[PDB]
Amino acid sequence: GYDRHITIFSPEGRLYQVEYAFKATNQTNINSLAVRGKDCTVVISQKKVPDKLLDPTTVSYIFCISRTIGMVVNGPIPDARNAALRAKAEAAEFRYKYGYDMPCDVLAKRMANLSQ
Amino acid sequence: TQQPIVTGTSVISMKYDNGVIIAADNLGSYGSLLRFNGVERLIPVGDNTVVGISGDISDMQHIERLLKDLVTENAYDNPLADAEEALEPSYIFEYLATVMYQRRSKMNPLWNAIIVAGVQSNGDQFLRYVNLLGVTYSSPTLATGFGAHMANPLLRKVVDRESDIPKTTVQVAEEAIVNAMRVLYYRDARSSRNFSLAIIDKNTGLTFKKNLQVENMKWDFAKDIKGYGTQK
């Protein structure tokens, strides 16, 4: 019972709760594709606006972190904004304490460690 | 107490084989304000001595009075007085040395560094320095105030010791001085673009050139330097 709610191992040897998170991802029905150019990168994603009432401009999945870094999100949008806001803060703080722009790799590695 | 109000900056000098060169700029500065443009600080005394005085201007002019009277004094009595007993440099210097010591013993100093540059009747180079304390020393090359930390390392290269003096000619020395002024105008707050320069030779007497200007200033590199570090 209380081995599958919190993040401790199960008797088998797997973090159930983490595994349940990946099934939460495909709950928006967005698909995305991302390719490396020769000097650029391009990322397209579908943008389904359900109701006529929604204003089509505010619905977005592409977030500008810095001049250098763009970010496209797959999943539920509350957690989108929560991970995008934390990303922006780390992007600014890096620039301040080391004096150049945050590379792509270093922003990716900082998120994996908060995720852990 | 005397505190300086108006001041001038450095005086720089050096011997060579036939005489001495001595240079100093024309600026009276009153704190930040560069109040007086053109205040001549080299005063020729006779025709084989220059006395260059830096530091306070109120007192620069008060030592100009004593030095004009000393010439008038000697003139009295037999014309032999100005033919072959005329005032050597080594005299004029000893009169300012004895004046400076006495003033400081009343705790009321004449607030000046002084360089007496001349060539004696004997043929010899004479170049000595005195200041508000009364310290005296003679060297191949002499500088005052701020130029003691800057100009002097540059001129000491040319003539390092006593044996280099009969090798250095007037073409080499005149350049070495004019090159020192160039570095003082980069790296000193109280200096100006206009300086004066004197060549005392033992064959053509006193040549006094006024209002020589520093030229050939390198700023070509300056348009590339950008930001204060982290700025792109």
# chains A, B, ... in the order shown; residues from 1 in each chain; ligands from 1
>>> residues_around(residues="stretch 74-76 of chain A", least_positions_apart="2", cutoff="8 Å", atoms="only C-alpha atoms", output="list in words")
residues 24, 25, 26, 27, 28, 30, 31, 32, 61, 72, 78, 79 and 80 of chain A
>>> write_last_selection(atoms="N, CA, C and O atoms", output="short mmCIF file (atom, residue, chain, number, x, y, z; two decimals), in the first residue's frame")
data_model
loop_
_atom_site.label_atom_id
_atom_site.label_comp_id
_atom_site.auth_asym_id
_atom_site.auth_seq_id
_atom_site.Cartn_x
_atom_site.Cartn_y
_atom_site.Cartn_z
N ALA A 24 1.25 10.24 -17.52
CA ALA A 24 0.67 11.54 -17.32
C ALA A 24 1.06 12.53 -18.41
O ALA A 24 0.30 13.49 -18.72
N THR A 25 2.22 12.31 -19.04
CA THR A 25 2.73 13.04 -20.15
C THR A 25 1.69 13.09 -21.35
O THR A 25 1.24 14.18 -21.65
N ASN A 26 1.36 11.96 -22.04
CA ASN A 26 0.46 11.75 -23.17
C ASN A 26 -0.99 12.00 -22.77
O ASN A 26 -1.89 11.24 -23.15
N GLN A 27 -1.28 13.05 -22.00
CA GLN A 27 -2.62 13.32 -21.60
C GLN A 27 -3.00 14.66 -22.19
O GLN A 27 -3.94 15.32 -21.76
N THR A 28 -2.34 15.13 -23.26
CA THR A 28 -2.71 16.37 -23.92
C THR A 28 -2.88 16.21 -25.43
O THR A 28 -3.52 17.06 -26.07
N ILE A 30 -0.67 16.29 -27.87
CA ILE A 30 0.25 17.08 -28.69
C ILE A 30 1.32 16.14 -29.23
O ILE A 30 1.80 15.26 -28.51
N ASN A 31 1.67 16.31 -30.49
CA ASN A 31 2.83 15.65 -31.06
C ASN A 31 3.85 16.69 -31.47
O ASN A 31 3.50 17.79 -31.88
N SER A 32 5.13 16.33 -31.35
CA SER A 32 6.20 17.24 -31.70
C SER A 32 7.30 16.50 -32.45
O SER A 32 7.49 15.30 -32.30
N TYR A 61 2.95 26.14 -26.65
CA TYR A 61 3.85 25.19 -26.07
C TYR A 61 5.27 25.48 -26.27
O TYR A 61 6.10 24.62 -25.97
N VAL A 72 10.46 23.51 -25.96
CA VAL A 72 9.20 23.02 -26.34
C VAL A 72 8.81 21.95 -25.34
O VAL A 72 9.63 21.09 -25.07
N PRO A 78 0.04 23.10 -16.35
CA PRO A 78 0.45 23.73 -15.09
C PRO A 78 1.89 23.49 -14.74
O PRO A 78 2.59 24.31 -14.14
N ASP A 79 2.38 22.25 -15.08
CA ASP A 79 3.70 21.75 -14.73
C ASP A 79 4.65 22.32 -15.79
O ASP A 79 5.80 22.44 -15.41
N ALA A 80 4.15 22.60 -17.02
CA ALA A 80 4.85 23.35 -18.03
C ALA A 80 5.35 24.65 -17.49
O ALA A 80 6.58 24.87 -17.42
#
>>> interface_residues(of="chain B", to="chain A", cutoff="12 Å", atoms="only C-alpha atoms", output="list in words")
residues 228, 229, 230, 231 and 232 of chain B
>>> residues_around(residues="residue B:202", least_positions_apart="4", cutoff="8 Å", atoms="only C-alpha atoms", output="PDB file with N, CA, C and O atoms, in the first residue's frame")
ATOM      1  N   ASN B  18      78.648  67.272 -23.340  1.00  0.00           N
ATOM      2  CA  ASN B  18      78.998  68.672 -23.505  1.00  0.00           C
ATOM      3  C   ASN B  18      78.213  69.607 -22.598  1.00  0.00           C
ATOM      4  O   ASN B  18      78.578  70.781 -22.487  1.00  0.00           O
ATOM      5  N   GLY B  19      77.156  69.132 -21.950  1.00  0.00           N
ATOM      6  CA  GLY B  19      76.395  69.989 -21.071  1.00  0.00           C
ATOM      7  C   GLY B  19      75.248  69.262 -20.409  1.00  0.00           C
ATOM      8  O   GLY B  19      75.342  68.053 -20.189  1.00  0.00           O
ATOM      9  N   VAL B 119      76.740  74.549 -16.154  1.00  0.00           N
ATOM     10  CA  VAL B 119      78.101  74.170 -16.512  1.00  0.00           C
ATOM     11  C   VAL B 119      79.046  75.230 -15.960  1.00  0.00           C
ATOM     12  O   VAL B 119      78.861  76.426 -16.211  1.00  0.00           O
ATOM     13  N   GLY B 123      84.613  73.924 -16.870  1.00  0.00           N
ATOM     14  CA  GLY B 123      84.238  73.005 -17.924  1.00  0.00           C
ATOM     15  C   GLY B 123      83.342  71.873 -17.465  1.00  0.00           C
ATOM     16  O   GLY B 123      82.811  71.143 -18.312  1.00  0.00           O
TER      17      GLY B 123
END
>>> residues_around(residues="residue A:40", least_positions_apart="5", cutoff="12 Å", atoms="only C-alpha atoms", output="MDAnalysis selection string")
chainID A and resid 34:35 68:70
>>> residues_around(residues="residue B:44", least_positions_apart="6", cutoff="12 Å", atoms="only C-alpha atoms", output="ChimeraX atom specification")
/B:22,50-53,64,67-68,71,89,92,115-118,197-200,205-209
>>> residues_around(residues="residue A:84", least_positions_apart="5", cutoff="9 Å", atoms="only C-alpha atoms", output="list in words")
residues 63, 64, 65, 71, 73, 79 and 89 of chain A
>>> closest_residue(among="A:54, A:59, A:77, A:83", to="residue A:115", atoms="only C-alpha atoms")
A:83
